[PDB]
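Take a look at this one chain, the form deposited in one PDB entry, written out in structure tokens.
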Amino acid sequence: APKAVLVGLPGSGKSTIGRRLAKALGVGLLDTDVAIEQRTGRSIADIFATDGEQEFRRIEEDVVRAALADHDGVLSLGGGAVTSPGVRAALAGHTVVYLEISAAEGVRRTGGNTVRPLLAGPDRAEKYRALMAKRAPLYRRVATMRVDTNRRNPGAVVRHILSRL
């Protein structure tokens, strides 16, 4: 089982806090987004564009289930993995760290638009707040630890988690 599974909105720090937390624990980071682009050989954008979200979500879920069983390090989920109920089910019993971020900050953290199909285009503030409205209940539902990352720097978020594992 992972030492911890990080979830939260795009730009909440999953990948960054993931890396740093893995380094601190001396374990591997598995980043499901990364695991998908390797498993498929495609970008996340290319999948969303050629295959659609439903098809991404299915590939994501399979990867997520395997990671949850096979990885003993830090597992960072794609930002919308929690929208799959099979994902949410496979999370039950795990150490799930919900990185919380305000919309204004999240908007700004994602502002060099990392790809992110679902944040792409203009009206990014609006889209980000709508992602938050829909997913926040889902993150809270799967979370065993909620960490506010709003005015905490990545090292402090890492320490807050480490101290609570």
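So that there is no doubt, residue numbering starts at 1 and follows the sequence shown. Take the two forms, superpose them, and find the largest set of C-alpha atoms that agree within 1.5 Å; that set is the rigid core.
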Q: Answer yes if residue 114 is missing coordinates in at least a third of the other compared entries, and no if every one of them models it.
A: yes
Q) Per the entry, where is the mean C-alpha temperature factor higher: 42 to 50 or 63 to 71? A) 42 to 50
Q. For the stretches 107 to 115 and 127 to 135, which has the higher mean C-alpha B-factor as given in the deposited record?
A. 107 to 115
**Q.** Out of 97, 30, 36, 101, highest CA B-factor residue
**A.** 36
Q | CA B-factor ranking of residue 20, expressed as a third of its chain | A | lowest
Q. Considering only modelled residues of the same chain, in which third does the CA B-factor of residue 161 rank: lowest, middle or highest?
A. middle
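The same protein also has a form deposited in another entry, omitted here; what follows describes it.
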Q | Of the candidates 47, 101, 131, 68, the only Cα that travels 2 Å or more between this form and the one not shown, given a rigid-core fit | A | 47
